[PDB]
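Working notes for the structure below.
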Amino acid sequence: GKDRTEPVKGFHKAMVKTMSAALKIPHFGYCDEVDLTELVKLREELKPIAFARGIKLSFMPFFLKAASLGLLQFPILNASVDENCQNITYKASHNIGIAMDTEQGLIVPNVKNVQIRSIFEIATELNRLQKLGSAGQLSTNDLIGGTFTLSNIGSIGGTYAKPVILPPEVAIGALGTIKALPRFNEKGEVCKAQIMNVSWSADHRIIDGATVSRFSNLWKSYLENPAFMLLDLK
Amino acid sequence: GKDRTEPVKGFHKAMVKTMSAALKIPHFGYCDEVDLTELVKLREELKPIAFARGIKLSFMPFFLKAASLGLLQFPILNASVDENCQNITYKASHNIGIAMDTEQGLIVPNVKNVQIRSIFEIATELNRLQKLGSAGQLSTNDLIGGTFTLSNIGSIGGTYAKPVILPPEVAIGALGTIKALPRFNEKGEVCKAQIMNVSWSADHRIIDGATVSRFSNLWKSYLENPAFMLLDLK
Amino acid sequence: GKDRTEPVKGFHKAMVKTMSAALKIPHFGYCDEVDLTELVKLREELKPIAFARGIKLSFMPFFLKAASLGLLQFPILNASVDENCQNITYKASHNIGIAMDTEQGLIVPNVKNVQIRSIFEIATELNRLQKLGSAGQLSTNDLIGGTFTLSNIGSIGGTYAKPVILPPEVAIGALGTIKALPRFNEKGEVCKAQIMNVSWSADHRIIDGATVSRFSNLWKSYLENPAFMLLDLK
Amino acid sequence: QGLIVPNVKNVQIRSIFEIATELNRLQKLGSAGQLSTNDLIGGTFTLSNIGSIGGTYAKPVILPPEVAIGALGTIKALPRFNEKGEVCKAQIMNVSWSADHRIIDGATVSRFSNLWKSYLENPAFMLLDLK
Ligand SMILES: CC(C)(COP(=O)(O)OP(=O)(O)OC[C@H]1O[C@@H](n2cnc3c(N)ncnc32)[C@H](O)[C@@H]1OP(=O)(O)O)[C@@H](O)C(=O)NCCC(=O)NCCS
Ligand SMILES: CC(C)(COP(=O)(O)OP(=O)(O)OC[C@H]1O[C@@H](n2cnc3c(N)ncnc32)[C@H](O)[C@@H]1OP(=O)(O)O)[C@@H](O)C(=O)NCCC(=O)NCCS
Ligand SMILES: CC(C)(COP(=O)(O)OP(=O)(O)OC[C@H]1O[C@@H](n2cnc3c(N)ncnc32)[C@H](O)[C@@H]1OP(=O)(O)O)[C@@H](O)C(=O)NCCC(=O)NCCS
Ligand SMILES: CC(C)(COP(=O)(O)OP(=O)(O)OC[C@H]1O[C@@H](n2cnc3c(N)ncnc32)[C@H](O)[C@@H]1OP(=O)(O)O)[C@@H](O)C(=O)NCCC(=O)NCCS
Ligand SMILES: [Cl-]
Ligand SMILES: [Cl-]
Ligand SMILES: [Cl-]
Ligand SMILES: [Cl-]
């Protein structure tokens, strides 16, 4: 009924400082649509097996493993730049941030070394961070050393987004809601296709659009043809 | 064949000032598509009733009243922050700005206290502002006090946008053109669906993606099912 | 492996400077889809005529000629602004940047005076630029004096993007990948439409949404209805 | 020369791609008569792809001191039912395992075979635990 002023305090101060710092980064945005039909079917087949082992298996572990495979080819997306952008540190660990919605607000823990982990282990680490995240119990180790971030806003809604990069990282992807849309198959007939949008943001000071685009294409081909991931996993 | 330099003068100086101030805000972007099939039908049905009371009825009154109801659930989107972003002021009045194209060109008056007004009253105040707007006779009062803004760029063109927040506001929505697209109904059949895109921008220092995605879903659920708006109005 | 630090060197030093400068600009973004079915058909029937004259004809000469015709109507889009945005310098030449991918990364040469050239001359000039580009042999003159940029990221992938304006330019366009999507014709039948996305960014200090929108529409009508371009060409 | 049995080392740490790379290496060496000592020794288990020439079932002989072997027949297209009861083109392969019955029982070979087979029938089940 009246106006009400109220201090920004406690953990809310971190979002302020992080996003203010991100003003220093000139964001380039690139978007695509990915055809997740085969992946929806794949995830249905594997959901039981995961369930029997005590794991809820969403799409994220796939998005994460495909990201990491992309980062092997485009290691500049898993990198950091210094205050003046004079040097790049290419980071070897894929510590991939999971932006996560909580009752208390936004928090971003990461899954360490996705590069050495199976989809199933990623699923397992996810659950763990989700349980911990919702209980206010994430450790300091869960919150530091992130190298790259994915923000599945699509578990709530959306198509495209424009996500803000977390310094000191240089890139971030946001995933919209998987939605059934009419599309052509190879014959030229209209099918039910499960389509998801992706929105990447990158530090345009050292990352150009061809790089992001080729990264996205590789990422995309892994999810549109999960077979492709089999070739090189161990 | 000749280059020409020219001062920015008169009202044009205002846009320079606003948009420069907007650089201090780290913009988060979030987008979605909204099925406006029922609302187009609803509006057709109200057009003659509105005409007879001497009022042009577009979609904007629907959008506005839906935004207001949303803001009641997410008051943080109707708020300001101070210079260093250390205090939030939750504003009680929904004075929703209407970005308006005129011959001189860009101006943003607002409809005061939407939260107390019917769709019909919002139509009436909108007409009044359009009348004064295209004659260059908007008063001072119609221009100050904005708490939130909608930008109907879709009356001219477009799908998605990246609109820029008007300080000291913290969010803004842009609406693209309502276009007929092939979409699936519940029965799995390809229908004619009246799709509109919306793109929101919000001050990421204090507003996370979950909050805007939820606000967006609520707004959207009101427009996708106008019925639901019936439920709580007096 | 292990982390590796490394200096930013050589022609990479340019992208850091340029993209930092772009922070001074409040970017407004506006996107649309454009139906290229007719242009695809047109281009197919001109390919053999261009090949026979020694030239590869992509869609870019069409996009560039349309853009130029658009800039004649909305010349504020081929303009620059001074250090504090006090004066606008409208530029007569349309020297249109072609964002271009090479082994050494991103380079932006331009085609000089598009306004006075034919679709075939543009293509010729574009080809001269591709040959020099991929040889790393572009000259200083090919690189300076740009007034406006198009970025055909779609030759690699994508739908929408958020391209960054190259100062002292004031606008940029990004084109996504042309892709067959189910769309309605006038008769209300579902058919195969070659859809391309376009994303525009403009310096919102002096250019409003209405302006970009109208420009985009004109640009778009030239591409949707290629014969509209006949009318005023000499 | 006749029959030769080199092995791919440490399949358990290699990817399908690297396994194929090593197969190519061995096929080439093997057909030049150049397989080396180290390629011939340390075998722990054996596959006999006789189906690259012909066959359905087989009775392969285990190579001591290993305790098991599988032979694979020729993949051929046979009428099979799908999940609806309709008749489909199905690419069928037979497998034959021999095991040392002094220590391996039939449930073991069967359970192992079920598992091997679910990986092949449902390749994405292999996705789940590879790194
Ligand atoms: C932490 C988080 C990423 C976990 O995501 P997750 O691995 O998908 O796990 P969730 O438990 O939330 O989701 C599981 C369910 O939602 C569905 N879902 C998740 N992502 C989806 C998508 N993009 N499209 C459609 N459905 C989706 C899953 O299919 C699953 O449904 P089912 O259980 O009926 O099979 C998610 O909870 C979250 O916090 N999202 C918000 C991120 C955010 O706030 N971003 C903005 C940053 S400013
Ligand atoms: C002030 C303004 C928002 C009022 O919009 P409005 O309430 O829709 O009223 P209008 O008189 O402009 O529009 C009326 C017609 O356009 C149509 N229209 C309006 N919005 C539409 C949309 N988003 N999609 C499709 N059609 C639309 C309406 O259906 C109506 O059509 P009809 O009379 O045949 O039934 C609008 O005129 C305007 O200035 N838009 C531009 C906003 C802008 O410049 N933003 C840029 C910010 S940088
Ligand atoms: C220099 C450049 C713009 C020239 O593009 P171009 O004139 O289309 O010429 P190209 O030779 O590269 O491409 C021609 C082929 O690709 C196809 N293609 C080009 N643009 C396309 C589009 N957007 N959608 C689908 N296909 C397209 C053309 O049809 C042509 O096809 P064809 O050979 O089968 O007949 C382009 O090669 C390039 O470098 N793109 C990168 C832009 C970029 O880096 N942007 C990011 C900036 S941060
Ligand atoms: C070394 C060897 C195992 C390699 O097998 P491989 O990995 O399939 O490689 P090849 O070059 O032989 O394959 C040739 C083709 O035959 C096909 N083929 C191989 N095995 C097949 C089988 N199980 N069913 C149907 N086709 C088969 C492959 O698809 C490949 O096909 P393509 O070229 O048309 O795409 C094989 O060449 C061999 O020596 N076979 C005989 C085994 C034997 O002697 N065992 C008995 C021990 S007493
Ligand atoms: Cl920027
Ligand atoms: Cl669509
Ligand atoms: Cl930002
Ligand atoms: Cl901005």
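Numbering starts fresh at 1 for the residues of each chain in the structure tokens, the chains themselves are lettered A, B, ... in the order given, and ligands are numbered from 1 as they appear.
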Go through chain A and flag each residue having an atom no more than 12 Å from ligand 5; for those, report the closest pair of atoms plus their distance in Å to one decimal, using only C-alpha atoms and all ligand atoms, ordered by chain and rising number, as a Markdown table.
```
| residue | atom | partner | partner_atom_place_in_ligand_line | distance |
| --- | --- | --- | --- | --- |
| A:22 | CA | ligand 5 | 1 (Cl) | 10.5 |
| A:23 | CA | ligand 5 | 1 (Cl) | 8.4 |
| A:24 | CA | ligand 5 | 1 (Cl) | 9.1 |
| A:25 | CA | ligand 5 | 1 (Cl) | 7.4 |
| A:26 | CA | ligand 5 | 1 (Cl) | 4.3 |
| A:27 | CA | ligand 5 | 1 (Cl) | 5.2 |
| A:28 | CA | ligand 5 | 1 (Cl) | 7.1 |
| A:29 | CA | ligand 5 | 1 (Cl) | 9.6 |
| A:162 | CA | ligand 5 | 1 (Cl) | 11.9 |
| A:164 | CA | ligand 5 | 1 (Cl) | 11.2 |
| A:201 | CA | ligand 5 | 1 (Cl) | 10.9 |
| A:202 | CA | ligand 5 | 1 (Cl) | 10.7 |
| A:203 | CA | ligand 5 | 1 (Cl) | 9.4 |
| A:204 | CA | ligand 5 | 1 (Cl) | 8.6 |
| A:205 | CA | ligand 5 | 1 (Cl) | 10.4 |
```
Output N, CA, C and O atoms of each residue in that selection to a file, as a short mmCIF file (atom, residue, chain, number, x, y, z; two decimals), in the first residue's frame.
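Saved file again-v5.cif follows:
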```cif
data_model
loop_
_atom_site.label_atom_id
_atom_site.label_comp_id
_atom_site.auth_asym_id
_atom_site.auth_seq_id
_atom_site.Cartn_x
_atom_site.Cartn_y
_atom_site.Cartn_z
N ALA A 22 30.62 -7.91 -14.09
CA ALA A 22 30.37 -8.36 -15.42
C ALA A 22 30.16 -7.23 -16.38
O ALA A 22 30.34 -7.44 -17.57
N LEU A 23 29.84 -6.02 -15.90
CA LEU A 23 29.82 -4.87 -16.80
C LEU A 23 31.16 -4.72 -17.50
O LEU A 23 31.24 -4.17 -18.57
N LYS A 24 32.24 -5.21 -16.93
CA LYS A 24 33.50 -5.01 -17.64
C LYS A 24 33.63 -5.91 -18.87
O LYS A 24 34.55 -5.76 -19.68
N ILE A 25 32.69 -6.84 -19.04
CA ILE A 25 32.83 -7.77 -20.11
C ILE A 25 31.89 -7.46 -21.23
O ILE A 25 30.70 -7.45 -21.01
N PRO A 26 32.42 -7.22 -22.42
CA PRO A 26 31.61 -7.00 -23.59
C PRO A 26 31.00 -8.29 -24.12
O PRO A 26 31.68 -9.10 -24.80
N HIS A 27 29.71 -8.49 -23.84
CA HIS A 27 29.05 -9.76 -24.12
C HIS A 27 28.63 -9.91 -25.55
O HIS A 27 27.92 -9.07 -26.09
N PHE A 28 29.02 -11.01 -26.16
CA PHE A 28 28.52 -11.38 -27.47
C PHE A 28 27.51 -12.49 -27.23
O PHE A 28 27.74 -13.35 -26.41
N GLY A 29 26.43 -12.50 -28.00
CA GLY A 29 25.35 -13.45 -27.78
C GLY A 29 25.17 -14.20 -29.06
O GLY A 29 25.20 -13.61 -30.18
N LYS A 162 19.36 -14.06 -22.45
CA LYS A 162 20.64 -13.44 -22.52
C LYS A 162 21.33 -13.47 -21.11
O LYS A 162 21.16 -12.58 -20.24
N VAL A 164 24.20 -13.54 -18.22
CA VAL A 164 25.36 -12.78 -17.89
C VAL A 164 26.46 -13.72 -17.44
O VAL A 164 26.22 -14.63 -16.64
N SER A 201 26.57 -16.81 -24.19
CA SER A 201 27.20 -15.48 -24.10
C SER A 201 28.68 -15.67 -23.90
O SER A 201 29.11 -16.55 -23.17
N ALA A 202 29.47 -14.82 -24.54
CA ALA A 202 30.91 -14.99 -24.50
C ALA A 202 31.54 -13.63 -24.47
O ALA A 202 30.94 -12.64 -24.91
N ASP A 203 32.75 -13.59 -23.92
CA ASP A 203 33.55 -12.38 -23.80
C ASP A 203 34.13 -12.07 -25.15
O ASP A 203 35.12 -12.66 -25.60
N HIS A 204 33.54 -11.11 -25.80
CA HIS A 204 33.94 -10.83 -27.15
C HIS A 204 35.35 -10.26 -27.28
O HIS A 204 35.86 -10.18 -28.41
N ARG A 205 36.00 -9.89 -26.16
CA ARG A 205 37.37 -9.43 -26.21
C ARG A 205 38.37 -10.49 -26.75
O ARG A 205 39.37 -10.14 -27.37
#
```
If you count only C-alpha atoms, which residues fall within 10 Å of range 12-21 of chain D, apart from same-chain ones fewer than 5 positions away, as an MDAnalysis selection string? (chainID A and resid 230:234) or (chainID D and resid 26 130:131)
Could you please select, counting only C-alpha atoms, the residues of chain A within 12 Å of chain D and state them as a ChimeraX atom specification? /A:38-39,41-50,57,61-62,65-66,68-69,113-124,222,225-234
Any idea which chain B residues end up within 6 Å of chain A if we count only C-alpha atoms, as a PyMOL selection string please? chain B and resi 28-32+86-92+205+213
Produce a file of the selected residues containing N, CA, C and O atoms, as a PDB file, in the first residue's frame.
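Dumped to result_22.pdb:
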```pdb
ATOM      1  N   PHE B  28      20.016  -8.609 -17.640  1.00  0.00           N
ATOM      2  CA  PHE B  28      19.715 -10.013 -17.872  1.00  0.00           C
ATOM      3  C   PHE B  28      18.569 -10.038 -18.881  1.00  0.00           C
ATOM      4  O   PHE B  28      17.629  -9.244 -18.778  1.00  0.00           O
ATOM      5  N   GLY B  29      18.650 -10.938 -19.857  1.00  0.00           N
ATOM      6  CA  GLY B  29      17.571 -11.113 -20.797  1.00  0.00           C
ATOM      7  C   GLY B  29      16.922 -12.472 -20.708  1.00  0.00           C
ATOM      8  O   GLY B  29      17.598 -13.512 -20.504  1.00  0.00           O
ATOM      9  N   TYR B  30      15.599 -12.461 -20.872  1.00  0.00           N
ATOM     10  CA  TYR B  30      14.787 -13.700 -20.819  1.00  0.00           C
ATOM     11  C   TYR B  30      13.619 -13.582 -21.789  1.00  0.00           C
ATOM     12  O   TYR B  30      12.946 -12.544 -21.844  1.00  0.00           O
ATOM     13  N   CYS B  31      13.388 -14.635 -22.556  1.00  0.00           N
ATOM     14  CA  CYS B  31      12.399 -14.565 -23.603  1.00  0.00           C
ATOM     15  C   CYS B  31      11.481 -15.754 -23.621  1.00  0.00           C
ATOM     16  O   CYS B  31      11.827 -16.825 -23.121  1.00  0.00           O
ATOM     17  N   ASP B  32      10.306 -15.572 -24.217  1.00  0.00           N
ATOM     18  CA  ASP B  32       9.392 -16.639 -24.327  1.00  0.00           C
ATOM     19  C   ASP B  32       8.422 -16.397 -25.483  1.00  0.00           C
ATOM     20  O   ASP B  32       8.400 -15.335 -26.081  1.00  0.00           O
ATOM     21  N   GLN B  86      22.610  -0.397  -2.929  1.00  0.00           N
ATOM     22  CA  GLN B  86      22.581  -0.955  -1.589  1.00  0.00           C
ATOM     23  C   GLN B  86      21.214  -0.963  -0.900  1.00  0.00           C
ATOM     24  O   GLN B  86      21.089  -1.433   0.229  1.00  0.00           O
ATOM     25  N   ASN B  87      20.184  -0.469  -1.575  1.00  0.00           N
ATOM     26  CA  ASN B  87      18.880  -0.432  -0.966  1.00  0.00           C
ATOM     27  C   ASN B  87      17.855  -0.569  -2.031  1.00  0.00           C
ATOM     28  O   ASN B  87      17.981   0.019  -3.094  1.00  0.00           O
ATOM     29  N   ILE B  88      16.831  -1.350  -1.763  1.00  0.00           N
ATOM     30  CA  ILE B  88      15.742  -1.529  -2.729  1.00  0.00           C
ATOM     31  C   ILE B  88      14.539  -0.734  -2.245  1.00  0.00           C
ATOM     32  O   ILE B  88      14.282  -0.694  -1.056  1.00  0.00           O
ATOM     33  N   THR B  89      13.844  -0.060  -3.153  1.00  0.00           N
ATOM     34  CA  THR B  89      12.587   0.553  -2.832  1.00  0.00           C
ATOM     35  C   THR B  89      11.542  -0.146  -3.684  1.00  0.00           C
ATOM     36  O   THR B  89      11.587  -0.089  -4.942  1.00  0.00           O
ATOM     37  N   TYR B  90      10.662  -0.871  -2.982  1.00  0.00           N
ATOM     38  CA  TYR B  90       9.520  -1.596  -3.561  1.00  0.00           C
ATOM     39  C   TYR B  90       8.447  -0.564  -3.662  1.00  0.00           C
ATOM     40  O   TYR B  90       8.021   0.028  -2.648  1.00  0.00           O
ATOM     41  N   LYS B  91       8.024  -0.318  -4.893  1.00  0.00           N
ATOM     42  CA  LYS B  91       7.107   0.766  -5.189  1.00  0.00           C
ATOM     43  C   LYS B  91       5.702   0.210  -5.217  1.00  0.00           C
ATOM     44  O   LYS B  91       5.439  -0.858  -5.802  1.00  0.00           O
ATOM     45  N   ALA B  92       4.778   0.904  -4.582  1.00  0.00           N
ATOM     46  CA  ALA B  92       3.462   0.310  -4.412  1.00  0.00           C
ATOM     47  C   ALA B  92       2.575   0.560  -5.619  1.00  0.00           C
ATOM     48  O   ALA B  92       1.713  -0.246  -5.917  1.00  0.00           O
ATOM     49  N   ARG B 205      21.548  -7.114 -10.823  1.00  0.00           N
ATOM     50  CA  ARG B 205      22.154  -6.923  -9.504  1.00  0.00           C
ATOM     51  C   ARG B 205      21.259  -7.450  -8.363  1.00  0.00           C
ATOM     52  O   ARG B 205      21.750  -7.959  -7.354  1.00  0.00           O
ATOM     53  N   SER B 213      11.628 -15.557 -14.803  1.00  0.00           N
ATOM     54  CA  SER B 213      10.916 -16.618 -15.500  1.00  0.00           C
ATOM     55  C   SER B 213       9.531 -16.885 -14.875  1.00  0.00           C
ATOM     56  O   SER B 213       8.564 -17.192 -15.585  1.00  0.00           O
TER      57      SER B 213
END
```
Between B:80, B:104, B:93, B:127, single out the one closest to ligand 2, counting only C-alpha atoms and all ligand atoms. B:127
Taking the DSSP secondary structure from the backbone, can you list the residues of range 22-103 of chain D that are alpha helix (DSSP H), as a count of residues only? 14
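Taking only C-alpha atoms and all ligand atoms into account, ligand 7 lies nearest to A:165 out of the set A:165, A:150, A:85, A:111.
With distances restricted to only C-alpha atoms and all ligand atoms, C:33 is the closest residue to ligand 6 from C:221, C:33, C:67, C:132.
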Nearest to ligand 6, chosen from A:129, A:193, A:210, A:218, with only C-alpha atoms and all ligand atoms counted in the distances: A:193
Can you tell me which residues sit at most 6 Å away from ligand 4, counting only C-alpha atoms and all ligand atoms, written as JSON, numbers by chain? {"D": [27, 48, 49, 50, 51, 52, 72, 73, 74, 75]}
Restricted to N, CA, C and O atoms, what would the selected residues look like written as a PDB file, in the first residue's frame?
```pdb
ATOM      1  N   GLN D  27      45.452 -55.414 -37.865  1.00  0.00           N
ATOM      2  CA  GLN D  27      45.028 -56.046 -39.129  1.00  0.00           C
ATOM      3  C   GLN D  27      46.107 -55.855 -40.163  1.00  0.00           C
ATOM      4  O   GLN D  27      46.420 -56.780 -40.924  1.00  0.00           O
ATOM      5  N   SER D  48      36.218 -64.170 -31.695  1.00  0.00           N
ATOM      6  CA  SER D  48      36.492 -64.706 -33.021  1.00  0.00           C
ATOM      7  C   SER D  48      35.394 -64.299 -33.975  1.00  0.00           C
ATOM      8  O   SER D  48      34.298 -64.860 -33.967  1.00  0.00           O
ATOM      9  N   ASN D  49      35.683 -63.306 -34.797  1.00  0.00           N
ATOM     10  CA  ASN D  49      34.675 -62.802 -35.696  1.00  0.00           C
ATOM     11  C   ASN D  49      34.649 -63.637 -36.944  1.00  0.00           C
ATOM     12  O   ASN D  49      35.046 -63.173 -37.989  1.00  0.00           O
ATOM     13  N   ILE D  50      34.198 -64.881 -36.852  1.00  0.00           N
ATOM     14  CA  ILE D  50      34.200 -65.737 -38.026  1.00  0.00           C
ATOM     15  C   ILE D  50      33.175 -65.245 -39.073  1.00  0.00           C
ATOM     16  O   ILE D  50      33.363 -65.393 -40.293  1.00  0.00           O
ATOM     17  N   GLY D  51      32.127 -64.589 -38.572  1.00  0.00           N
ATOM     18  CA  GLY D  51      31.089 -64.020 -39.398  1.00  0.00           C
ATOM     19  C   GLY D  51      31.559 -63.003 -40.423  1.00  0.00           C
ATOM     20  O   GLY D  51      30.801 -62.626 -41.343  1.00  0.00           O
ATOM     21  N   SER D  52      32.788 -62.512 -40.286  1.00  0.00           N
ATOM     22  CA  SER D  52      33.322 -61.686 -41.369  1.00  0.00           C
ATOM     23  C   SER D  52      33.530 -62.552 -42.586  1.00  0.00           C
ATOM     24  O   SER D  52      33.771 -62.029 -43.624  1.00  0.00           O
ATOM     25  N   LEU D  72      31.389 -64.825 -33.296  1.00  0.00           N
ATOM     26  CA  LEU D  72      30.303 -64.015 -33.843  1.00  0.00           C
ATOM     27  C   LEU D  72      30.018 -64.493 -35.253  1.00  0.00           C
ATOM     28  O   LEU D  72      30.959 -64.633 -36.050  1.00  0.00           O
ATOM     29  N   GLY D  73      28.744 -64.731 -35.552  1.00  0.00           N
ATOM     30  CA  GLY D  73      28.299 -65.099 -36.901  1.00  0.00           C
ATOM     31  C   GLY D  73      28.002 -63.897 -37.793  1.00  0.00           C
ATOM     32  O   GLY D  73      28.207 -62.761 -37.392  1.00  0.00           O
ATOM     33  N   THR D  74      27.560 -64.161 -39.009  1.00  0.00           N
ATOM     34  CA  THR D  74      27.323 -63.160 -39.984  1.00  0.00           C
ATOM     35  C   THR D  74      25.990 -62.530 -39.652  1.00  0.00           C
ATOM     36  O   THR D  74      24.992 -63.218 -39.386  1.00  0.00           O
ATOM     37  N   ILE D  75      26.004 -61.202 -39.628  1.00  0.00           N
ATOM     38  CA  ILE D  75      24.821 -60.395 -39.468  1.00  0.00           C
ATOM     39  C   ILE D  75      23.973 -60.540 -40.724  1.00  0.00           C
ATOM     40  O   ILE D  75      24.442 -60.298 -41.840  1.00  0.00           O
TER      41      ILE D  75
END
```
Excluding residue 71 in chain D and its own-chain neighbours fewer than 6 positions away, which residues fall within 9 Å of it when counting only C-alpha atoms? Please give them as a ChimeraX atom specification. /D:46-51,57-60,94-98
Give me a file of those residues, with N, CA and C atoms, as an mmCIF file, in the first residue's frame.
```
data_model
loop_
_atom_site.group_PDB
_atom_site.id
_atom_site.type_symbol
_atom_site.label_atom_id
_atom_site.label_comp_id
_atom_site.auth_asym_id
_atom_site.auth_seq_id
_atom_site.Cartn_x
_atom_site.Cartn_y
_atom_site.Cartn_z
ATOM 1 N N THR D 46 39.001 -63.710 -25.556
ATOM 2 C CA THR D 46 39.135 -63.715 -27.033
ATOM 3 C C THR D 46 37.818 -63.564 -27.766
ATOM 4 N N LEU D 47 37.800 -62.789 -28.840
ATOM 5 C CA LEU D 47 36.648 -62.780 -29.782
ATOM 6 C C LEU D 47 37.040 -63.298 -31.144
ATOM 7 N N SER D 48 36.218 -64.170 -31.695
ATOM 8 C CA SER D 48 36.492 -64.706 -33.021
ATOM 9 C C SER D 48 35.394 -64.299 -33.975
ATOM 10 N N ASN D 49 35.683 -63.306 -34.797
ATOM 11 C CA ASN D 49 34.675 -62.802 -35.696
ATOM 12 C C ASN D 49 34.649 -63.637 -36.944
ATOM 13 N N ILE D 50 34.198 -64.881 -36.852
ATOM 14 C CA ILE D 50 34.200 -65.737 -38.026
ATOM 15 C C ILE D 50 33.175 -65.245 -39.073
ATOM 16 N N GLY D 51 32.127 -64.589 -38.572
ATOM 17 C CA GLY D 51 31.089 -64.020 -39.398
ATOM 18 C C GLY D 51 31.559 -63.003 -40.423
ATOM 19 N N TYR D 57 25.951 -69.990 -35.826
ATOM 20 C CA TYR D 57 26.566 -70.473 -34.595
ATOM 21 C C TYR D 57 27.863 -71.198 -34.855
ATOM 22 N N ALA D 58 28.603 -71.361 -33.765
ATOM 23 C CA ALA D 58 29.914 -71.983 -33.800
ATOM 24 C C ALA D 58 30.262 -72.680 -32.459
ATOM 25 N N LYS D 59 31.318 -73.482 -32.463
ATOM 26 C CA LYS D 59 31.848 -73.965 -31.195
ATOM 27 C C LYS D 59 33.319 -73.663 -31.195
ATOM 28 N N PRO D 60 33.689 -72.488 -30.656
ATOM 29 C CA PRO D 60 35.051 -72.034 -30.613
ATOM 30 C C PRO D 60 35.815 -72.714 -29.473
ATOM 31 N N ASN D 94 24.229 -64.000 -34.453
ATOM 32 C CA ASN D 94 24.357 -64.997 -33.445
ATOM 33 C C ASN D 94 25.699 -64.858 -32.761
ATOM 34 N N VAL D 95 25.704 -65.098 -31.458
ATOM 35 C CA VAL D 95 26.935 -65.266 -30.704
ATOM 36 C C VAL D 95 27.013 -66.660 -30.045
ATOM 37 N N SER D 96 28.202 -67.253 -30.065
ATOM 38 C CA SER D 96 28.485 -68.515 -29.381
ATOM 39 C C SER D 96 29.621 -68.359 -28.396
ATOM 40 N N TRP D 97 29.374 -68.600 -27.113
ATOM 41 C CA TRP D 97 30.454 -68.569 -26.117
ATOM 42 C C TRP D 97 30.869 -69.990 -25.686
ATOM 43 N N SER D 98 32.152 -70.233 -25.475
ATOM 44 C CA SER D 98 32.630 -71.429 -24.823
ATOM 45 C C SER D 98 33.321 -70.971 -23.544
#
```
What is the CA of residue 108 in chain C to CA of residue 34 in chain C distance in Å? 24.7 Å
